[PDB]
Ligand SMILES: [Mg+2]
Ligand SMILES: [Mg+2]
Ligand SMILES: [Mg+2]
């Protein structure tokens, strides 16, 4: 597939998309072969040449002066361990990453993207804007603060907190539920048609949430909706 | 002719070289018997077991005793069969080691007896029993809450100071008296002091006339402690197959069996598995435990003591041994501190035979009701140490139920005086049902202590 | 350094001090050549001959009938893991420990020796 | 006021009971994870030792 | 012990899976007979569903009930027992014979006392037996009573051949061992039968 | 350097253990002189008790006090030092000589600068010298300074000989090496003479971790263990014994009747006090049975303290523990318990000369009324500060 895309890029000056269904299987198959090739195993039994093979594959997917290749890749994490040699090695070749966690999926949040461990090189004030940057930073800050208070809530409870901490939790649950969405391809599972939201609407909605505009609605009205007007409608139909 | 010669000696591991096309089969037994020719030598009497064929007419074997004094070039005899132990009525009341030689200084078994090989395949699929039966021990709590199954496996989670060597003697006595069976005790990795104590206890209580004993000590090479359970197993298989009895087999610690196997595997130069165990852990366990079955003639029922490493129930060794067990039995200290004998935990003990399609519907319902009542009484302890309406009646019934689970044993008679009893399952079920209904709510709680059937408690109350 | 110090004890009958910047490095260096000499590894990738080397070093500093050598040795524990084979091996030769604390140095106590953590036999 | 004092002490006792129960459950789950880590460490260490020893031959 | 089996055909144990242009979407129900499964976790003909739990949660009972329920449906069932106890296999076969479920069932067995090489070929023998009916237009159902014992047998066999172990001492192709087996289950297209 | 040793016999180092039918149950006691051991973890003649703890806990002191106490008990002692410093061995021998304990003691030494085979061979030599006296009707006591240094030396030898390794690189037969040695300690039956051999192996842990390979190997061979903690040693508790993790499977059969009749209440009291010890900062607890148990536990803990050397006779231990358990110490404050027991020992030497003789001759504690009158008489003289 890489050769097929390279032809177009380097001979017709086009813009090519490249999807790879699971790039972990490539290194896994290499590991299976290297044992029978007669090589001394590395850590966790992998091959000595993991990084060299990964780099030899991943350095041909670039954008030269003629055309570009936008590559989206799905990577598997063995035994839910993000410190395995293969995910750790592949982390270094990416401009934007998206980490999915099983704990968020167990709560029904979909997609299960972790909002603090996912990064992008384009999240700069001069690239996306100034309002977007501040909104994203504030959302991340409140989510981190809520993450810090999980153990003490687990043991003691919510009755031994200051007013500011209760406010932080109150807004953090709403933000975490509003990060979910209903997809077009998931309609056959649930039933909802699916949603599409542009950037400005997302920034506006999270700005309103951070301002305490929707602090009185139930926390359940925020799950599996596209925009914030749909949040208002769902709360209205819930008897509030 | 058929003589081998020693080539290498590395502790408990030996190599022997034979002639072309005359090698012994795997698992055979080889004998070294040497008398000192000059003053620079010693006398040798050793037995070896074949493990691997290495090629170039060379065989690698493990030793059953100490290898100090071996000289390269000494003659080795090939017996032509695995270790063969004597079987029959001649083994009842005697103590043996892994090779079948008695160690109780009462003479030697005559050379014209019959001996059977240690290694054997399991009974075939077409020779097993198609139904599930129940072994009636005669102990009330075991018979009611954790029933035993003929041809099944039971795990004893006891300890020191809870009354384990009394329960074992009671099981031997009851089975022999009521069913006509025979018992075999195998001690793997046994301390010599505790083996001496157990032998004297059995001789005192008189059960030694119905049981055979095999000891593999803590001071033996890893090969010896690996093949002790097979000697008891092949001693019990004779009574199962030739006569058709229901036989009991006790294993003193099934963990030391796996530890000895792991040590042997390390000595032979094998790649270790997870947590450092032998690669063939499950195969060895299955080869041991699949010969304990109930065929169309008789049955072997095994009671095994299990030690759990690091208090981790997911460790490879307990996880491998738990997939063969059919029941469990836990002894606990505080139940002994209240004077309750035997000190079996009535809620921790489980069994897969407590299902309505095996024990009927009355037995099942009575057992569940007793368990629920005891659970409620356990819950109410914090409040107790006039709370509610039905809780007083619950406690009133539960004290009697908890006390009625104790029993007087035929082996405690020599220390107490009471004759000791044997309670059938129907009788104990009926007594517990009547206690649950409350037909005997007008008697003192101490009357329900160390008695047999439900008539004896009434007689005790009348005489008190 | 040890053979430079022993001369004064054995010939002038003096009492000598011997300071060692890091004893741990000593043992570490040994492991770095062990595998190249053709030796099977022991636990945590250390040389099989670890306690023998440390004992052959530390037994030469004693108090004989003529003089004595007393040694002050600074030890670095890797990642503050006191069960590592090298600190565990060298801790069985020590008679006393002297702990220096930044808390007492901030308040103006010189030397900054901790009085509640220093031990001696 | 006396009724209020009695109520205060009762509430404190009950809250402490709930906190202790939660701490016990957390201890249980942590012990499970600890045993998993223990087994993994033993396996990895023995594998490294044997892999190093096999290299000479 | 009922005598020789009189067959006249053979099939290789290692065989390729159906291709991308040989399958079709699943559109028929497989009725287990259990309300919780039939209403909450439905299963279709041609699917691959996993039953996972601790020991002593009773999954053999689920398998036996599902096999028994196919009396009227035109289905052929195959039961594979890997690493179990031969006594429990005996009682399971007795349970099946009572309910008249031996008119459409094949049982393949390899108990705990058998060699690791035999414990590791049993699922492949079962799937090879099932594909004979599958490639004629019929419908088959196969049960593997424990894949976690096939994995342990394969690890034991591969460690005796001195192959470098990976995580939990399992080999590098322990994923291939199971993926090559469970990819032979398919819902064939109408051109294939 | 005192000249040659003039013997006329030799014994092979590797010789078999006495059989199952060549033994007899353990009944006689081994008196150490430490109250905590003699009361809660008794040791009988023929037993194998393990002493386990970290460094800087004082196990050599326990061994040396036990060795010193055997002056008039008809025992031969053997002390084996594996992997220790020669200076410490020299000072230990000098300590033994001063107390006159060199008339029945043999010392075998293999210090840290010696070749590994010598360290691996020392314990077998010690037990071989002991067995000679054992097989003539005598009683012997063997102490192994460290059983972990021997294991490390054996591992080094095995790895240098290219033998396949195992867990933590130890050979396959590392359990065999220690079990074959510790199973040579026995109590012989009357047909073989009646001698015995007692073993006290030492194992040192790092950071109090008893899950390690050798510590679990040796725990499962012996007849019980004694645990020493590093927290109690630093605070000043000598000896730093922990009764919550120390067991003795021989039990009360290694005790005299008076100690049996006295030790159960002490055990129960210490068990009760150990649960509530950490909550002394918050008083205002149930006035019925919380501070009373705290006071009883503190009085118990003060009684079990001791000083280096100076072991105590068993009759004196029995009498003081009887005084503590019968409620004769509540009036005396905690800070005066040590001085109270010392002055009580001084008092018994003058006006309590018949209770001690009764305990020595009969092995049962004297009449309750006489004991009560004696303790009442002493208390009137002891002036409490
Ligand atoms: Mg994917
Ligand atoms: Mg199953
Ligand atoms: Mg010490």
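Quick note: the coordinates plus some simple rules give every number you see, no bench work behind them. FYI the Cβ positions are ideal-geometry reconstructions off the backbone, even for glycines, and counts take in every protein chain you see.
Quick rundown of the values:
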item: Those residues of the stretch E:152-173 which are within 14 Å of chain A (Cβ to nearest Cβ) and within 22 Å of residue E:108 (Cβ to Cβ), in sequence order; result: E:154, E:155
item: Qualifying residue in the stretch B:233-244 (condition: more than 8 Å from every other protein chain (Cβ to nearest Cβ) and under 20 Å from residue B:156 (Cβ atoms)); result: yes
item: The stretch B:271-287: number of residues that are closer than 30 Å to residue B:243 by Cα and within 9 Å of chain E (Cβ to nearest Cβ); result: 4
item: Considering residues of the stretch F:53-64 that are more than 14 Å from every other protein chain (Cβ to nearest Cβ) and surrounded by fewer than 23 Cβ atoms within 10 Å (Cβ to Cβ) only, the residue farthest from ligand 1 (Cβ to nearest atom); result: F:64
item: Residues (assigned to a strand (DSSP E or B) and either over 20 Å from residue F:206 (Cα atoms) or within 16 Å of ligand 1 (Cβ to nearest atom) (or both)) located in the stretch F:23-52; result: F:23, F:29, F:44, F:48
item: Residue, surrounded by the most Cβ atoms within 10 Å (Cβ to Cβ), within the stretch B:380-416, restricted to residues that are in a helix (DSSP H, G or I) and over 40 Å from the mean Cα position of the chain (by Cα); result: B:391
item: Conditions (1) more than 11 Å from every other protein chain (Cβ to nearest Cβ); (2) in a loop (DSSP other than H, G, I, E, B); (3) surrounded by 15 or more Cβ atoms within 10 Å (Cβ to Cβ); number of the one not met by residue C:65; result: (3)
item: Test: residue in the stretch A:3-17 that is surrounded by fewer than 17 Cβ atoms within 10 Å (Cβ to Cβ), within 16 Å of ligand 1 (Cβ to nearest atom) and away from chain E (no Cβ under 11 Å); result: no
item: Residue C:90 vs. criteria within 14 Å of chain F (Cβ to nearest Cβ), under 30 Å from residue D:45 (Cα atoms) and within 18 Å of the chain's Cα centre (by Cα); result: yes
item: Residue tally, condition within 28 Å of residue A:7 (Cβ to Cβ), more than 21 Å from the chain's Cα centre (by Cα) and assigned to a loop (DSSP other than H, G, I, E, B), over the stretch A:40-85; result: 10
item: Any chance residue A:47 is within 16 Å of ligand 1 (Cβ to nearest atom) and surrounded by 15 or more Cβ atoms within 10 Å (Cβ to Cβ); result: no
item: Hits in the stretch E:166-185 (condition: more than 13 Å from the chain's Cα centre (by Cα) and within 16 Å of ligand 1 (Cβ to nearest atom)); result: E:175, E:179
item: Test for residue A:38: is it under 30 Å from residue D:55 (Cα atoms), more than 16 Å from ligand 2 (Cβ to nearest atom), within 12 Å of chain E (Cβ to nearest Cβ) and in contact with a helix residue (DSSP H, G or I) (Cβ under 8 Å, 6 or more places away or on another chain); result: no
item: Selection count where residues are under 13 Å from residue E:145 (Cβ atoms) and surrounded by fewer than 16 Cβ atoms within 10 Å (Cβ to Cβ), scope the stretch E:75-105; result: 1
item: Single condition residue A:156 does not satisfy, out of (1) farther than 26 Å from residue D:28 by Cα; (2) in contact with a helix residue (DSSP H, G or I) (Cβ under 7 Å, 6 or more places away or on another chain); result: (1)
item: Residues satisfying the stated conditions in the stretch B:153-199, i.e. within 21 Å of residue B:245 (Cβ to Cβ), assigned to a strand (DSSP E or B) and more than 10 Å from every other protein chain (Cβ to nearest Cβ); result: B:154, B:183, B:184, B:185, B:186
item: Filtered residues of the stretch F:53-90 (kept if away from ligand 3 (no atom under 13 Å from the Cβ) and part of a loop (DSSP other than H, G, I, E, B)); result: F:69, F:70, F:71, F:72, F:73, F:74, F:75
item: Subset of the stretch F:1-52 [within 22 Å of residue F:148 (Cβ to Cβ), crowded, with 22+ Cβ neighbours inside 10 Å and within 12 Å of chain B (Cβ to nearest Cβ)]; result: F:47, F:48
item: Residues being surrounded by fewer than 21 Cβ atoms within 10 Å (Cβ to Cβ) and either within 16 Å of ligand 3 (Cβ to nearest atom) or over 23 Å from the mean Cα position of the chain (by Cα) (or both) - total across the stretch E:144-165; result: 4
item: Residue in the stretch F:186-228 that is surrounded by the fewest Cβ atoms within 10 Å (Cβ to Cβ), counting only those that are closer than 17 Å to residue F:250 by Cα and at the interface with another protein chain (Cβ under 10 Å from one of its Cβ atoms); result: F:220
item: Test: residue in the stretch A:88-96 that is more than 16 Å from ligand 3 (Cβ to nearest atom), part of a strand (DSSP E or B) and away from every other protein chain (no Cβ under 14 Å); result: yes
item: Hey, residue F:269 assigned to a loop (DSSP other than H, G, I, E, B) and either at positive phi or more than 19 Å from the chain's Cα centre (by Cα) (or both) or not; result: no
item: Looking only at the stretch E:131-149, and only at residues there that are away from ligand 2 (no atom under 16 Å from the Cβ) and in a loop (DSSP other than H, G, I, E, B), the one that is nearest to the other protein chains (Cβ to nearest Cβ); result: E:139
item: Count of residues meeting criterion [in a helix (DSSP H, G or I) and within 14 Å of chain B (Cβ to nearest Cβ)] in the stretch E:107-130; result: 5
